[PDB]
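Each chain is listed here by its residues.
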Amino acid sequence: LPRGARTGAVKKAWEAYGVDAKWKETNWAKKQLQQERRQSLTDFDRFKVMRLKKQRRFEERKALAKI
Amino acid sequence: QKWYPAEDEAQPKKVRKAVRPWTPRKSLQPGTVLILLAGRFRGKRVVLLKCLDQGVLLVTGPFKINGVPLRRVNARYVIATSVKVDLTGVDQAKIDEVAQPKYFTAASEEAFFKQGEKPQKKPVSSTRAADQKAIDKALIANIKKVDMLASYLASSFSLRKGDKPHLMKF
Amino acid sequence: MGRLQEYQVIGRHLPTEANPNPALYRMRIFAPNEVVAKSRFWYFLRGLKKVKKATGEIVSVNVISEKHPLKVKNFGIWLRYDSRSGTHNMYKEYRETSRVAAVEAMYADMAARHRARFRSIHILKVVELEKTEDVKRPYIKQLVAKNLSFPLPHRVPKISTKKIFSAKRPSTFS
Amino acid sequence: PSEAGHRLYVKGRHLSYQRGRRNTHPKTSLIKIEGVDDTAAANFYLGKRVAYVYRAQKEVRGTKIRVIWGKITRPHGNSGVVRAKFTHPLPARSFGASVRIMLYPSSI
Amino acid sequence: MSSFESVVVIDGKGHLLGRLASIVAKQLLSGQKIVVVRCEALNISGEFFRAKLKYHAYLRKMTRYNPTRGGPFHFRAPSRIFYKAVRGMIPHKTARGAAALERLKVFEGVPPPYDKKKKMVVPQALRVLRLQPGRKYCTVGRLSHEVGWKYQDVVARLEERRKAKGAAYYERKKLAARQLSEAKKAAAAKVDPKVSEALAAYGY
RNA sequence: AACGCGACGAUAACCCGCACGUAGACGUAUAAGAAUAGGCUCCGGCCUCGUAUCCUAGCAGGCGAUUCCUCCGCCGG
């Protein structure tokens, strides 16, 4: 990136390097995506979360007793 | 009337306050799952059948899922949720019949001798029991179609650690 | 002072039958709003010339905006400030994107470093160093230098002031 | 067994009355709701029913629990404290006591 | 974020004396139970001789007739130095103030019922988040030892034994995290992937 | 310390009559240490962030199944 590059040069560098793609792969955006899915959970959706975590942990408890 | 007015009790001024209908909130659509906040059915997850006049809502459980019968509740005493169960197949004519306000509103030896005694709890009417069954039979069939909706309506809402209602969405 | 603006104030003496069509003076004034820009115009003008508010009128007031408030310019401000001894000249330099940001940083600098108030500072000339190698202060030349790149050691996290207690100890590496 | 709670209220504490330095007005009471930090979060709790439950050492209605009911009227400060009005002003000894904020009346 | 807890225990290590005291005193008057742990590891800003000057000026103030009654009782322990700072921020002459001081508990070191609990920290009084890097600071434990505290070696020996028990606990905690990750990967093969697809979308 | 604390020795089980059942619980769940011009770790990697992690469905939580070896509690050793 040159110093003092205007909006045209920075836009062409963003598209060439594809920094929208590598931002999505960053651990910070995965954290930001997960926490956005927190707040979108409705009351019914939070109940299915409780039910499926119960179903998931039944296997994880079983495997831990095996280990 | 019959009596000439015996005292200086004056008739009131003509009051210009006209009764205009109550517009409910946009969330209060028929089929919306509600959360009861007060009463003996506090914390129960019910469904809304029809929005009635002056801020009250007609509500059923259904009775075979959680245990709340055909009841009226106040709109302000209810949290409305985003989940809506299909009303297809539910008799609208029976809903209009139970929406009538009289459906829920309504000296001797025996009179003296039950004084001070707790009156026995009245067993349920056969008309109300049959009216419940004619409504919930299509509701429950629609409820069974969507996964985990029946267990969701059987369960009770509760607040846990860190649950902030000013950010939670229903 | 706050969101300062820069105003062009045109004023003149009131016209007279003996002296029609007067001299029509002009000054550039850094003021928060219009009513102090007019007040600071008549303050300076009565200091230089005989013309005063009762015998004069304001011809025009127009705000002036930056040509390019999105480019970074090095600014040199010559100022004259009054202390308990007398009047002294300074040439200070600051790095901003606008002329009102130049004098905003000037008043904060002179107040912090020399305890100077607004009524003691006289903004003599504000110039934009159009070409580099005319920067003559060591702190600004330090920022102008080639392929400049610095880290940010000991960045304190922004923890909310109403979160009184926290479980994990904070880190200062971000 | 359910092994669940029955909490349909939001916890809060009774901080003090409304006051300057040397002038206190007990008709209005300052409440710190658990979780609210701003005026924007406090705005959700305006016009909500507020209860202060306590004990008696004498059964009056078959129970030893007496309740004073009120409502949250307006926010207070920048830190999320609300100020509430009760039918009878809260004692003074309850500075720091638990206060229940109900979720009704509701506009959700 | 404005949480309400039964008893909150604060690790005093790396904490400024007065800035922790003003937070604790505001919490105590709000109705929160406070337990302060490792008061000898608290920090005071400035240099050490300034703190040594200030306590010797405090040690200069005594009542004439008899120091048993009415005299300023000079406490040489780190916990009571912190207790003096909190008490000055409390209207202790009133009944509300004394009830708030009853909600406070201060200890030198980490006693056995409180080394099993989770010690929280106050970011508004931490030295590394508040003090400028070049500036000097002192420790209350070395202030108290050079003014009359006689239990510094006792506390240091008791803290050494707590680290050894803590180090063995962390190895077991490390092993339990091993077995949980091994079980989670193994149970994921038989975990009905319609469930895991829905949980991933929901955030979990 | 006469309104600070500890160890120890010996005590008060009967029978007759009668007076009453929270300076603030509501999931009152969560132990590394240490550094903060560094640290943690499956040795792959990870760290602004507790916006986390466990628990949370059932007449204030019934009865009987289908079905499951998971979690909780009491006694011992």
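As shown above, the structure is provided for reference.
Residues numbered from 1 in each chain as written, not as in the entry; some residues may be left out. Chains lettered and ligands numbered in written order. Part of a larger assembly, values for the part shown. Heavy atoms only, no water.

### Some details on the overall build of chain A
Moving on, step 1. The secondary structure content of chain A amounts to four helices and zero strands.
Moving on, step 2. Ordered by position in the sequence, the α and β elements of chain A form the string α-α-α-α.
Moving on, step 3. Computed over its C-alpha atoms, the radius of gyration of chain A comes to 21 Å, more than 25% above the 11 Å expected for a compact globule of 67 residues.
Moving on, step 4. With the principal axes as the frame, chain A shows a C-alpha extent of 60 × 35 × 15 Å.
Moving on, step 5. Split into buried and exposed, the 67 residues of chain A put 22% on the buried side.
Moving on, step 6. Of the roughly 5,600 Å² of accessible surface on chain A, 55% is carried by carbon and sulfur atoms.
Moving on, step 7. In chain A, 20 side chains carry a positive charge and 8 a negative one; their mean positions are 4 Å apart. (Helix = DSSP H or I, 4+ residues; strand = E, 2+ residues; numbered from the N terminus. Rg over C-alpha atoms; globule rule 2.2 N^0.38 Å. Buried < 20%, exposed > 50% of the residue type's maximum accessible area, 1.4 Å probe, protein only. Areas by Shrake-Rupley, 256 points an atom, 1.4 Å probe, with all protein chains shown as cover. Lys, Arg positive; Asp, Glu negative; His and termini not counted. Charge placed at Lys NZ, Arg CZ, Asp CG, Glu CD.)

### Some points on the protein's contact with RNA strand F
Moving on, step 1. Around RNA strand F, 70 residues are found, and the nearest of them are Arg57 and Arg61 of chain A, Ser98 of chain D together with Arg38 and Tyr170 of chain E.
Moving on, step 2. The separation between a phosphate oxygen of RNA strand F and a polar side-chain atom of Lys11 of chain D is 3.1 Å.
Moving on, step 3. The set of elements that each furnish at least two residues to the surface near RNA strand F consists of helix 3 (27-39) and helix 4 (43-66) of chain A, helix 5 (149-154) of chain B, strand 1 (9-19) and strand 6 (98-102) of chain D together with helix 4 (95-102) and helix 7 (152-187) of chain E.
Moving on, step 4. Tallied by class, the residues present in the surface near RNA strand F amount to 19 nonpolar, 17 polar and 34 charged. (Near = heavy atom within 4 Å. Polar contact = N/O pair within 3.5 Å; in protein donor to acceptor, adjacent residues only side chain to side chain. Nonpolar A, V, L, I, M, F, W, Y, C, P; charged D, E, K, R; others polar.)

### Focus on empty space enclosed by the protein
Residue and element names in this part refer to chain C.
Moving on, step 1. One number sums up the size of the largest cavity: a volume of about 40 Å³.
Moving on, step 2. In terms of lining residues, the largest cavity is bounded by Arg40, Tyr43, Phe44, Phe118, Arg119, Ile121 and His122.
Moving on, step 3. Elements with a minimum of two residues in the lining of the largest cavity: helix 1 (34-48) and strand 6 (121-128).
Moving on, step 4. It is helix 1 that provides the largest number of residues to the lining of the largest cavity, a total of three residues.
Moving on, step 5. Partitioned by chemical class, the residues of the lining of the largest cavity number four nonpolar, one polar and two charged. (1 Å grid on protein atoms, 1.4 Å probe; cavity = no way out; pocket = protein on both sides within 12 Å on 5 of 7 lines; lining within 4 Å. Points joined across faces, edges and corners; volume = space filled by probe spheres on them.)

### Describing the interface of chain D and chain B
Moving on, step 1. Facing the 18 residues of chain D at the interface are 19 residues of chain B.
Moving on, step 2. Around 1,700 Å² of area is buried between chain D and chain B when both sides are counted, 62% of it from carbon and sulfur atoms.
Moving on, step 3. Contact with chain B buries area across many residues of chain D, yet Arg7, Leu8 and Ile108 of chain D alone supply 36% of it, more than any other trio.
Moving on, step 4. Where chain D packs against chain B, one counts one salt bridge.
Moving on, step 5. Put simply, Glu34 of chain D and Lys161 of chain B hold a salt bridge, and the shortest N to O gap is 3.9 Å.
Moving on, step 6. Applying the counting rule to chain D against chain B returns six residue pairs in polar contact.
Moving on, step 7. Broken down by element, the side of chain D that touches chain B gets its largest block of residues, three residues, from strand 1 of chain D.
Moving on, step 8. In terms of residue class, the side of chain D that touches chain B is made up of eleven nonpolar, four polar and three charged. (Contact = heavy atoms within 4.5 Å. Buried area = accessible area lost by both parts, 1.4 Å probe. Salt bridge = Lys/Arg side-chain N within 4 Å of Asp/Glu carboxyl O.)

### Description of the nonpolar core
Moving on, step 1. Counting residues in each nonpolar core, the largest one holds 36 residues, and the members touching the most others are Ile10, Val24, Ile34, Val36 and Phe82 of chain E.
Moving on, step 2. Put simply, the parts of the chain that give this core at least two residues each are strand 1 (7-11), helix 1 (17-30), strand 2 (33-37), helix 2 (48-58), helix 3 (78-88), helix 4, strand 4 (104-106) and helix 6 (140-145) of chain E.
Moving on, step 3. Among the elements that make up this core, the one with the highest residue count is helix 1 of chain E (eight residues).
Moving on, step 4. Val36 of chain E has contacts with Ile10, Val24, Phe82, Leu104, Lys105, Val106 and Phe107 of chain E, leaving out every residue within four places of it along the chain.
Moving on, step 5. Counting 29 residues, the second-largest nonpolar core is a separate cluster that includes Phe157 of chain B together with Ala42, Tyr52 and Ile72 of chain D. (Core = buried A, V, L, I, M, F, W, Y, C linked by side-chain atoms within 4.5 Å.)

### Considerations on the pairing of strand 1 (residues 5-13) of chain C
Residue and element names in this part refer to chain C.
Moving on, step 1. Of the strand pairs in this sheet, strand 1 and strand 2 (residues 25-31) are connected by seven bridges, and their pairing is antiparallel. Along strand 2, the bridge assignment pairs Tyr7 with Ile29.
Moving on, step 2. As paired strands, strand 1 and strand 3 (residues 56-64) are joined by eight bridges and run antiparallel to one another. Across the sheet, residue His13 finds its bridge partner in strand 3, namely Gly56. (Pairing = 2+ DSSP bridges.)

### Here's the deal with the packing of helix 4 of chain A against helix 7 of chain E
Moving on, step 1. Interaxial distance between helix 4 of chain A and helix 7 of chain E falls to 8 Å at its minimum, and their mutual angle equals 120°. Classified by the angle between their axes, helix 4 of chain A and helix 7 of chain E sit oblique to one another. Crossing hand, helix 4 of chain A versus helix 7 of chain E: right-handed. Contacts between helix 4 of chain A and helix 7 of chain E involve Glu59, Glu60, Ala63 and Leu64 of chain A on the former and, on the latter, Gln179, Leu180, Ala183, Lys184 and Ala187 of chain E.
Moving on, step 2. Across the contact of helix 4 of chain A with helix 7 of chain E, the residue classes break down as five nonpolar, one polar and three charged. (Axes fitted to C-alpha atoms, helices over the stretch in contact; angles between N-to-C directions. Parallel < 35°, antiparallel > 145°, perpendicular 65-115°, else oblique. Left-handed = near helix turned anticlockwise from the far one by under 90°.)

### Notes on the sheet that holds strand 5 (residues 87-96) of chain C
Across a sheet, strands are paired by hydrogen bonds formed along the backbone, either parallel or antiparallel in direction.
Residue and element names in this part refer to chain C.
Moving on, step 1. An order of 5-4-6 is seen for the three strands of this open sheet, with the pairing classed as antiparallel. What marks the edges here is a single partner per strand, and that holds for strand 5 and strand 6. The average angle at which neighbouring strand axes cross in this sheet is 20°, direction not considered.
Moving on, step 2. Bridge count for strand 4 (residues 73-82) against strand 5 is ten bridges, and the pairing is antiparallel. Across the sheet, the residue bridging to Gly76 is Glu93, located in strand 5.
Moving on, step 3. Relative to the sheet, helix 2 (residues 99-114) contacts strand 4, strand 5 and strand 6, its axis offset from that of strand 5 by approximately 125°.

### Comments concerning the sheet that holds strand 3 (residues 49-55) of chain D
Residues and elements named next belong to chain D.
Moving on, step 1. The sheet built from six strands closes into a barrel, its strands ordered 1-2-5-4-3-6 with antiparallel pairing. For this sheet, the mean angle separating the axes of adjacent strands, direction not counted, is 45°.
Moving on, step 2. Strand direction decides the pairing type here: strand 1 and strand 2 (residues 24-33), joined by seven bridges, are antiparallel. Across the sheet, residue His14 finds its bridge partner in strand 2, namely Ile31.

### Structural notes on the arrangement of the chains
Moving on, step 1. Of all seven pairs of chains that touch, the greatest number of contacts is found between chains B and D.
Moving on, step 2. Between chain A and chain C there is no contact; the minimum C-alpha to C-alpha separation amounts to 8 Å.
Moving on, step 3. The two partners chain A and chain D share no contact, and the minimum distance between any of their C-alpha atoms is 13 Å.

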